[PDB]
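Top line first, the protein sequences correspond to chains B and A.
One gets PDB author numbering by counting positions in the first sequence from 1 and adding 188 to each.
One gets PDB author numbering by counting positions in the second sequence from 1 and adding 314 to each.
For each residue, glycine too, the CB sits at the ideal point set by N, CA and C.
Comments concern the structure below.
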Amino acid sequence: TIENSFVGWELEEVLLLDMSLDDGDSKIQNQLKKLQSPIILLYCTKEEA
Amino acid sequence: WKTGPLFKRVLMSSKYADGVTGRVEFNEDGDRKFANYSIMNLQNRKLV
């Protein structure tokens, strides 16, 4: 949808966290350090949110 | 039961080698890793 639109939509710093091993490390926090922009999208489940 | 996933972590990290088949290790999807396939050919309806 972004490409076929005259409005200048742009995306950057696409993140992906691995909630599979559940090591408890700060890999989530370390990855999210390089973040900006006032709008952030989330897609998770209630229990894990 | 809370410790459901915890029981899989040792399963996925299991690297049991000294087995009857030998060197069985589950991949990320859990499928068998490092198998052996014997290439086979047909020779006048007979197999080698």
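- Distance from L220 of chain B to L204 of chain B at the Cβ level is roughly 11 Å; contact not present, criterion being Cβ atoms closer than 8 Å.
- Taking a cut-off of 8 Å for Cβ pairs, the stretch 215 to 235 of chain B and the stretch 341 to 357 of chain A do not touch, as fewer than three such pairs fall below it.
- The Cβ atoms of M354 of chain A and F340 of chain A lie no closer than 8 Å to each other.
- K360 of chain A has A:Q357 as its beta-bridge partners, per DSSP.
- Relative to the Cα of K222 of chain B, the nearest Cα in the group B:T189, B:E200, B:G196, B:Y231 belongs to B:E200.
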